[PDB]
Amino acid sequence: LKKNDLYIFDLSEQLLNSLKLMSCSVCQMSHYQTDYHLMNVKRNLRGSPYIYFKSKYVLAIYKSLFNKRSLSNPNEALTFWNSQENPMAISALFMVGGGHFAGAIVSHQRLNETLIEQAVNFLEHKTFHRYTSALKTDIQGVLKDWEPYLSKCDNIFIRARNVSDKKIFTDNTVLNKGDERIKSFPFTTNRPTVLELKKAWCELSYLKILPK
């Protein structure tokens, strides 16, 4: 099992149907890495920490990736993720700290910087910095700018250790406080840069092989 065979949103049917839990519509065209499909996706969008499976000698996936209020079980989630019927699956990624910001809207679809990082498709991405907040209006600007994307996101992952910095994302913005989709990163992360957003994404979106 190479890492290429472990992307949670692109698992082969053999690997999927083996997993055991431990206890084109947007183009009107009948083509997924083409730049055409990507703009149409863009146009239409714009208007223990783990769970374990058994198979081929223990695959682990982050609990944060799932929807807590969901009646589906994790196998049902994985199979729905791996079906062409969710081509506009997106998530958001935000880190702020020490005057630095990086945000991105990430597509769940992969592509052709390591090869694993080179396949992360950021539909939008922004990074800026301000000494000191005054960052607050800048970031509230990005959130309004991405409002159509944000209302269609599966998850919105935010790192803001500072209490005033976490307040930046919900104090009178387009995100509401107590939005289930808003979640911490289940692992420590570095400085807010675009590459760090991709590190975080690859860390959430690939199964991990662990001991039982």
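Don't overthink the numbering: it's just position in the shown sequence, from 1.
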query: Missing from the model but present in the deposited sequence, between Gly47 and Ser48; finding: 10 or more
query: Deposited-sequence gap flanked by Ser23 and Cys24; finding: 4 to 9
query: 158 to 166 versus 139 to 147 - greater average Cα B-factor per the deposited record; finding: 158 to 166
query: Between the two ranges 100 to 108 and 72 to 80, the one averaging a larger CA B factor in the entry; finding: 72 to 80
query: Largest Cα B-factor, entry values, listed residues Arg43, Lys63, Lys54, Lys152; finding: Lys54
query: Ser184 CA temperature factor, ranked by third within the chain; finding: lowest
query: Ranked C-alpha temperature factor of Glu124 among modelled chain residues, by third; finding: lowest
query: CA B-factor placement of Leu115, once the chain's modelled residues are sorted into thirds; finding: highest
query: Record-listed C-alpha B factor of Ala200: chain third; finding: lowest
query: Within-chain third of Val194 by Cα B-factor, per the entry; finding: lowest
